[PDB]
């Protein structure tokens, strides 16, 4: 009865940024792939510039991972509404990403350095 979630250590230095600021660098990103979906990179919170983030009212439920809390990111151009999320109390098997942040690609760029 396999769910299809694979977690790997993202190799090398991974960065999260906007078009105008660098929000995070880490050597300990986790890559999460669910089935044949594009992998999503999760960043440890200590490596993200959280001072630029406001917790949002939005939440979403995922049967496999748990409840996603959302955050808005403030920058030079304004607020990126609900542009980041985190599974702050993940379901069993996914505790490795507890509190890590992942990011909306429509307005952020994530990638290996």
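Numbering follows the first chain given and starts at 1.
*Asks:* Between 44-52 and 31-39, point out the one with the higher average CA B-factor as the PDB entry records it.
*Replies:* Result: 31-39.
*Asks:* If you average the CA temperature factors as listed in the entry, which stretch comes out higher, 18-26 or 90-98?
*Replies:* Higher mean C-alpha B-factor: 90-98.
*Asks:* Grab the CA temperature factor for residue 68 from the record and place it in the lowest, middle or highest third of its chain.
*Replies:* According to the entry, residue 68 has a C-alpha B-factor in the chain's middle third.
*Asks:* Quick check on the deposited entry: does the C-alpha B-factor of residue 107 sit in the lowest, middle or highest third of its chain?
*Replies:* Middle third of the chain for residue 107's C-alpha B-factor.
*Asks:* Lowest, middle or highest third: which one holds residue 59 when the chain's residues are ordered by CA B-factor from the entry?
*Replies:* As the PDB entry reports it, the C-alpha B-factor of residue 59 lands in the middle third of its chain.
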